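See structure below.
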Amino acid sequence: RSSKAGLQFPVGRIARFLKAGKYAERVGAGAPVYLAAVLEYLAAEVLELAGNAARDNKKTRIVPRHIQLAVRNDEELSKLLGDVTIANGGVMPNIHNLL
Amino acid sequence: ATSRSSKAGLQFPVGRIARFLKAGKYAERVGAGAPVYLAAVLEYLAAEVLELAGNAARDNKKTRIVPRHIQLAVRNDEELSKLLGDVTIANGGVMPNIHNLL
Amino acid sequence: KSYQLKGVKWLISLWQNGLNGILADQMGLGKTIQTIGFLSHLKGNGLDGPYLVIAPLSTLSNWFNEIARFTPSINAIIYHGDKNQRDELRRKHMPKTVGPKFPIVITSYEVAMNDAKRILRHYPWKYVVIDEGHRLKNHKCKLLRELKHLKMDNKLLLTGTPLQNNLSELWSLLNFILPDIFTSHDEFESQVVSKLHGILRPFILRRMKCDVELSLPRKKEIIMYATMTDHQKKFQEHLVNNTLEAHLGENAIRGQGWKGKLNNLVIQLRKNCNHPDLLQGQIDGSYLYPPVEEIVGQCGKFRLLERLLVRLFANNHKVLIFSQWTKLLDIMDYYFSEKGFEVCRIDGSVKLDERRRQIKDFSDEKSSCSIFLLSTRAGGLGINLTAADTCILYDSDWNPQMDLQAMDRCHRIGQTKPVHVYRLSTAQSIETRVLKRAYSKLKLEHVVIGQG
Amino acid sequence: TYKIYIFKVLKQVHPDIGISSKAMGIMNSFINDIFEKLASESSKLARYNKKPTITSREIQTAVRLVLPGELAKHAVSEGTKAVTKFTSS
Amino acid sequence: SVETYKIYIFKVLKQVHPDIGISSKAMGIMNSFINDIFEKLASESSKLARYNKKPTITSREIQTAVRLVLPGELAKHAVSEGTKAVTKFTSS
Amino acid sequence: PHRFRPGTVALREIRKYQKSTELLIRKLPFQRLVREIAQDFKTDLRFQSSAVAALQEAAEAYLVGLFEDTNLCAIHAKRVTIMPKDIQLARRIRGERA
Amino acid sequence: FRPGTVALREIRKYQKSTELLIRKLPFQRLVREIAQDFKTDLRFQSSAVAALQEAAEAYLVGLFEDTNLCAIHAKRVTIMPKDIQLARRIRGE
Amino acid sequence: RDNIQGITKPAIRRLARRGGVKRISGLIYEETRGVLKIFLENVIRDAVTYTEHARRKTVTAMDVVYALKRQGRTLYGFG
Amino acid sequence: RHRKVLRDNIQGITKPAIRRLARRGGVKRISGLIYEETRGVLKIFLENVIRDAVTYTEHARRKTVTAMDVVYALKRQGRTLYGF
DNA sequence: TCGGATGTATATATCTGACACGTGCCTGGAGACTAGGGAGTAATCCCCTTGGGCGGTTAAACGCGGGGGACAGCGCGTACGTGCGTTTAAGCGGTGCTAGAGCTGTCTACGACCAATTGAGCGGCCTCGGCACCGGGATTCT
DNA sequence: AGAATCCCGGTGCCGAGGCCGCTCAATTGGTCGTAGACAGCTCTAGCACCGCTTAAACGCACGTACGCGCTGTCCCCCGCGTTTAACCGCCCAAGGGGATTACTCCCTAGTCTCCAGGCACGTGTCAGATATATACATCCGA
Ligand SMILES: Nc1ncnc2c1ncn2[C@@H]1O[C@H](COP(=O)(O)OP(=O)(O)O)[C@@H](O)[C@H]1O
Ligand code: BEF
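Residue numbers (the entry's author numbering), protein chains in the order written: chain G, 18 to 116; chain C, 15 to 116; chain K, 203 to 392, 415 to 676; chain D, 61 to 149; chain H, 58 to 149; chain E, 38 to 135; chain A, 41 to 133; chain B, 23 to 101; chain F, 17 to 100.
So this is what it looks like as structure tokens:
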């Protein structure tokens, strides 16, 4: 189905998940489409930043450290993932008022 | 036609609680002991807060509970201050607290 | 030594057909006084090439000693320890150039396993010889994985109990000693008994204690039960039911609300049947070891040991004591040391060179340290105690072949005095359950012996 | 609203104390807030186990998770006493 | 037996960075992130439909769930893209 | 002339304002403020008169809570005066914007 | 070296790594003793104890780095137990 | 419109007094005026979203209470 | 009299570990009274989480604390854990 | 250490406007049957948490200079508190008056339910190179 | 000047990527019944203009006491080196535990029928507010 929409995520599986969790009694037709588009958008914006952080370290495969750095640089994602701890991602390097 | 509350020995409305549990569809089915248990818990918490508030009102030599007394009772006790940790009772006020010269 | 001459006739043969073998010679004879014989047979003319020997820590010492006493001059060297092993590596001899000075490489299972890299570089080893085959009875053991990295053009396995648990240990060994026996399909043995004897006649070579020479007078393994005393019964019920951690917690000097050790009742009931102090010492800190020093008599099995020992001092022939844990041997030592007896002890906690000299002293006949504490896996394998004459197994289980290897420690070529064995136990108790399990395991063992 | 029932409970603990019009609003809000916390915790408890029924075990676990220690310890006993009287009597 | 978002995240990654790959730990991190966001948006939509008296979850309250759950400049793009898909879904 | 020493009329104010429950900002400027703020998200809006009350009473309970812990930062630093440093410390180890 | 120079070596070394800073076996023993007072005769999955350590270490690292803002606010470089209490007082714990 | 200046210095001092403060620096007022605006912007942006979902043109009193409960700030006394 | 070889498990968190955690926090000098304060706040945090993770396990009739109970217990306290 | 300026703390009143009962329908209770299945309580195979060991070897514990950071004290001066005399503007009340929020009535479209397909995905086969991973030397350093 | 460090050649090996046989999920088609949207009306709900009063904000002057900087002392924390003992460990063993599937029952969801509650509106009865009065208590300066 979800080729008529230009998405890469499964609209059918999203609808199965929405109707399984019993969030409501009836689920419209545009709801899985909308929810599947706004998930691939967020995946695409995290992955681009992670790949950019991979490129600086002269690496060709992303690792958890790269997701950590990409999330902690950008303001919007750090505001959204403000209480998450990326299993083994280290910390953002920082020094204060001293040599 | 004895009500459910009298059978359970409570003062809260077991039947109205059961309707409130159904409506909103928290799930599909609801057992027969769930509303009795929930009503008993709600009555317990109510009596706890009301007793502390009545004591606070007597302490201020009054005979009518107002929001100030609820504020005093809640924020003096330990478990209640943990539970109602981030709630704002309106038309109440903070308790006296002066620290140091300040 | 005739048998040992048939022992060198069969490993010169193995060398010929290009085969690999499991020297399952009876434990308590030959083996090493037969390994170094084959090793001189080839060190003569055939040289040593890359020659590597791996063995348990305790034996490495005995082996060096034996070399120093049987063979006139075999360039040899004990590669024990770490960092200090780096210097002797080169003050050994040229790197790969093998000359008449290239010294025999003797290592341990840890060293071999931890730094195979160093020895990986060496040439196809003429003969790798593994003293205790039982170490490799698991086919997923990390030693086996690291032992394949070595480029070995010949293999050899020394043992006295080839199979102990089941047939799969026979399966894992075969694949190793002889990968021509891959047979990684559960094996086809499973009438068939004869069919198995066709595959195994070619390599396995076993002897027997009776052999021909009288030498060691027949031994006697006898089970002398004891009656569980009242206090132990009280402890046992408070566990069969519960609230033991609390009834005993009535005291609980330390670790208040001590964790309910209600795991594997069998174990927390075996510890009782060994000595109740083990439980009491933990629930209540009791920094002080039983101060009455007669509360040790509350243990029935302890009291049967004491009387046995008083009757065996009536003659003074030296005894041997074995145990499963080390807390219990410790209690024993405490008890006897209070009376004043001089004791020697080698468990796994004690160091290697330290335990080697203790034996060299225990072996001193003039010295009157008759008692000798010794934990099973601790030092129940590779130690000669011809000085002692009697073995007492306080407790042993889960694998009967574990015990046998100990009994022989005392009973081995050179033991003139006839040997007894006193497997103590408690009647109508968890101990009998284990005893029966062991009998079951032996039952399997005797079906294996009929096979032989 | 729960006002009727709230008033009843008051006349059990302080037979001579009354309540202001605004204090009863506070009490109503408090009851409505607690009920919804407990009913949502029970919903999650049932969904994590794939059960379609909210029995009186989901309510007990929701109380243990939501109310603070000494408060939850007494709420549980009250509720189990009520259910025992309901079924037995 | 166990269903996840591995295929779709991998395809999106190949669409963004044609040559970068991804390990397994990062793949699990990304799967968890998508599950978290889905749960957040869905629960807010359900509760927000419950505030009004409607038994139906349409698309226009996936709008406002997004506008409540996502911050600032992140939502203004996401919302836009959502509308895009729905149009291309129906006038197809 | 009869003057009070500095900081004695301030302590009777603390006692005065910690017994009352009244609403301490002027009502009209607050409404003009909230209407000016809301004038961005949607234009030509109407405010139910009980909503501005809820906003005012939600906003003062926030400032009173922030002041009583920018005053823990000042006493930690050996002072009795509050500067903006204390507000920024308090807001940064609360995460209010970090 | 002079007092204070190999410390900054440690701030730089440990903020690059990702590995665990508490030894595994004592931490496991601790989490087992502080659950004996909720439920006797309890067992843990091996991944349940790795998840507790990841959260605890993250918590302590996050608390140490605003305990350090309080010490600097008071014009010091040494963290004292008074700073931890100020940091936890405002976060709400 | 300079409606943020309508939060006068005496009112800020009153709020600080209820907070327990004894002395105020002279730069506190422009800091408080700025940290109030952020709080109001967040709450009002959520309230207006709730309003526009209902197709109403009047911010009501639950829109505010819902916006507040969503950001950790539960308020009793308004429904 | 010998035998007793026990210590409060609380100590297994050693001074070097606490210094490593502080160094990753950015701290340069550490007083000698920090260690017993950290060692006490850690226990409070940890026994708040284990108490809920064991309650989540008692409900399911299990006897094993799984890695998912711990994640739910952490999410109940405002902190989310990605990657398990 | 007294004597004085006020400040709160007790006691007289009135005066609301509220908090309290008593009505009225009208919607939600409870009661009785019937249906389906959702738990409940079994029986079995296993992957899996739970003791000993046992080495061993990093990491932890102990001790010893010695400096550099915390803390106390002292001086200066600047910014904030107290009180007084103007100046705004919030907050009482009166007029209206539109712009909504709420309810009801009506039809067309839209989503749940159900049968029959079939191609998506998941668990399990292999295979190779991008992670690491080791020495070994030029460069900074305080 | 003895100490600190990156880059560049040398190292394996096991986890990421491909293939796969498949089977159960998601697609197409067809019905039905009831949620939508919508149009019409009514009555609240909100906003805005005006005049008056008075309480609060605002400006100002003094003065002082609190913030901030400088200096000295001493103590405790850091860096380094040796020795002990512990975590990451190889092995051992039984086990209990944990997600599997089983007829069986009884326990909730329905469709309904009426007695019962409750909520809204219409009235009084205050009691805690507030203002005037009166002591009884406290900062303050000398
Ligand atoms: N051929 C022999 N010549 C001399 N002494 C021997 C011979 N065989 C055995 N012994 C003596 O008997 C002891 C036991 O034999 P040993 O080789 O140690 O047995 P195991 O096979 O258990 O290693 C030897 O240490 C030695 O004292
Ligand atoms: F070397 Be023997 F087996 F004691």
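For each residue, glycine too, the CB sits at the ideal point set by N, CA and C.
Check                                                                                                                : Outcome
DSSP beta-bridge partners of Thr650(K)                                                                               : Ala450(K)
Cβ of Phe90(H) within 9 Å of any chain F Cβ                                                                          : yes
8 Å contact criterion, which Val117(A) and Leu115(G) should meet: CB distance rounded                                : 7 Å
Straight-line gap, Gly674(K) to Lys110(D) (C-alpha atoms, nearest Å)                                                 : 58 Å
For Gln93(A) and residue 3(B), the rounded distance between their alpha carbons                                      : No statement about residue 3(B) is possible, as the shown extent of chain B runs from 23 to 101 and does not include it.
Residue-chain proximity (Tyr98(B), chain C), Cβ-Cβ < 9 Å                                                             : yes
Of the listed residues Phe78(A), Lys64(A), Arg129(A), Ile124(A), nearest to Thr73(F) (C-alpha basis)                 : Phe78(A)
Residues that DSSP places opposite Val101(G) in a beta bridge                                                        : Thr96(F)
The region 479–499 of chain K contacting the region 77–97 of chain B, beta-carbon criterion three pairs below 8 Å    : no
Closer than 9 Å to chain B by CB, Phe67(E)                                                                           : yes
Any 3 or more C-beta pairs closer than 8 Å across the region 665–673 of chain K and the region 68–79 of chain C      : no
contact_flag[the region 355–366 of chain K, the region 324–339 of chain K] where n(CB pairs < 8 Å) is 3 or more      : yes
Check: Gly230(K) C-beta below 8 Å from any heavy atom of ligand 1                                                    : yes
Alpha carbon of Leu345(K) to alpha carbon of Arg581(K), nearest angstrom                                             : 29 Å
Complete runs of the alpha helix (DSSP H) confined to the region 67–122 of chain D [at least 4 residues]             : 81–108
Limits of the beta strand (DSSP E) - the one that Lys357(K) falls within                                             : 357–360
Partners in chain H for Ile112(G), counting only beta-carbon separations shorter than 9 Å                            : Residues of chain H passing the Cβ test: none, with the nearest at roughly 28 Å.
For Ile256(K), the first and last residue of its enclosing beta strand (DSSP E)                                      : 253–257
Nearest-angstrom beta carbon gap, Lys59(B) and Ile26(B) [assumed within contact, 8 Å]                                : 6 Å
Three-state secondary structure assigned by DSSP to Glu566(K)                                                        : coil
Beta-bridge partners of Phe596(K), as assigned by DSSP                                                               : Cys568(K)
Sequence-distant residues of the same chain with beta carbon closer than 8 Å to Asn69(G), five excluded per side     : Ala87
Cβ of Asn90(G) within 9 Å of any chain F Cβ                                                                          : no
Residue range of the alpha helix (DSSP H) that includes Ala135(H)                                                    : 129–147
The region 54–81 of chain F: positions lying closer than 9 Å to chain A by Cβ                                        : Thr54, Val57, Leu58, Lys59, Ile60, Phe61, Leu62, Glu63, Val65, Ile66, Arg67, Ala69, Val70, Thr71, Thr73, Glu74, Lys79, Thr80, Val81
Reduced DSSP secondary structure (H/G/I, E/B, other) of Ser547(K)                                                    : strand
Of the listed residues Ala630(K), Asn267(K), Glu312(K), nearest to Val543(K) (C-alpha basis)                         : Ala630(K)
Close-in-space but distant-in-sequence residues of the same chain around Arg39(B) (CB under 6 Å, 5 per side omitted) : none
Euclidean distance between Cα positions of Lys294(K) and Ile280(K)                                                   : 10 Å
Near ligand 1: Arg430(K) beta-carbon under 8 Å from a heavy atom                                                     : no
Three-pair Cβ contact test at 8 Å for the region 101–113 of chain C versus the region 53–60 of chain E               : yes
Anticipated Cβ contact below 8 Å, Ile446(K) with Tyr646(K), distance rounded                                         : 7 Å
Backbone secondary structure at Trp212(K) - three-state DSSP                                                         : helix
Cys615(K): first and last residue of the uninterrupted beta strand (DSSP E) it sits in                               : 614–617
Proximal residues to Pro121(A) (C-beta, below 6 Å), its chain only, five neighbours per side dropped                 : none
Exposure of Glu97(E), with buried meaning 16 or more beta-carbon neighbours within 10 Å                              : buried
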